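Single chain ahead, by itself, as structure tokens, in the form deposited in one PDB entry.
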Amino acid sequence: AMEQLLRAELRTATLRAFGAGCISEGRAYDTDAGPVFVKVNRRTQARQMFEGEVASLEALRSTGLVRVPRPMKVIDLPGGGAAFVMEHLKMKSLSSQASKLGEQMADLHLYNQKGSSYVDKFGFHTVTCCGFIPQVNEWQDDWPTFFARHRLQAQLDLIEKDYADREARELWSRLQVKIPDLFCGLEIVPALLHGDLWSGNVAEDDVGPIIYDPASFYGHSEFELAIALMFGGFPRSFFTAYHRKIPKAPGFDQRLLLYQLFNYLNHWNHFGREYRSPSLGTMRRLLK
């Protein structure tokens, strides 16, 4: 993949990714009680965004299965927005701890089935944000319904409002009809998700892997992996370890396109028309 190509093209033995951001400003500070990490966002919806991240961090931390920063405080800023203070963790990009993270992510997804966890619907107890965009987490018994309505339709409604894109509307109407067939008659079980498991949101230290910047809800376990695959950066051993514990159910490859579609639509909304072509192309591929 991209990293092997870079090593070859640049003729370098080492190639360690770095591991602030597109959404919020981020800075570490030393304080009298030790280091902290602070995210700042000046938009009006900052507090909602950070409160969703606090809720997500707390939900993951309650499982005891993965290491994530402790949320400390959400502070309103004069002049608009908010700051979010959390535990500082010394970190480097994910490399040797990839297979351990695959194990942990599979255990996290399986926790709702095997732990003392009783969540039998999809969604979440509070609003979480995809980036800047507030999400509806209203509980639903049917995962394809929840995902179609509260993830894909929400993004395409925003595309319609802001871009008024005819091809996106027309393709979505056809894709809506196909979505149930992609699920192969499977019984989907709710799985607690990190929700934004891009390679830039995972890392490691000497103890093991670390994950951060979650946007959590109870979803289909497979949705977690789509963004990890589409932007790369995870070693193969991450997926090997994960699928040893959660094998690919039938139709996985086609659902992967559906879940990657969501992320393309989200990037179209956050980052503009550069992401129109992969959004439409993915829909067309699903409709072929």
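So that the term is clear: the rigid core is the largest set of C-alpha atoms that superpose within 1.5 Å between two forms. The first residue of the shown sequence is 1; numbering continues from there.
In the deposited sequence, the stretch from residue 19 to residue 20 hides 1 to 3 residues that have no coordinates.
Per the PDB record, of the two stretches 210 to 218 and 154 to 162, 154 to 162 carries the greater mean B-factor over its C-alpha atoms. Taking the mean C-alpha B-factor of each stretch as recorded, 8 to 16 and 274 to 282 are not equal, and the higher mean is that of 8 to 16. Among 102, 144, 80, 71, the highest C-alpha B-factor in the deposited entry belongs to 80. In this structure the maximum Cα B-factor among 201, 116, 176, 137 is found at 116. Ranked by C-alpha B-factor against the other modelled residues of its chain, residue 41 falls in the highest third. For residue 229, the recorded CA B-factor ranks within the middle third of the chain. Only modelled residues enter the ranking. Residue 247 sits in the middle third of its chain by CA B factor, as recorded in the PDB entry. Residue 76 sits in the highest third of its chain by CA B factor, as recorded in the PDB entry. Sorting the modelled residues of the chain by their CA temperature factor places residue 98 in the middle third.
Keep in mind the form deposited in another entry is missing from the figure; the text below concerns it.
Residue displacement note: residue 25 has its CA displaced by at least 2 Å between the shown form and the other one (rigid core superposed).
Relative to the superposed rigid core, the position of the CA of residue 277 differs between the shown form and the other one by less than 2 Å.
Between residue 8 and residue 97, the Cα spacing is larger in the other entry than in the shown form, differing by no less than 3 Å.
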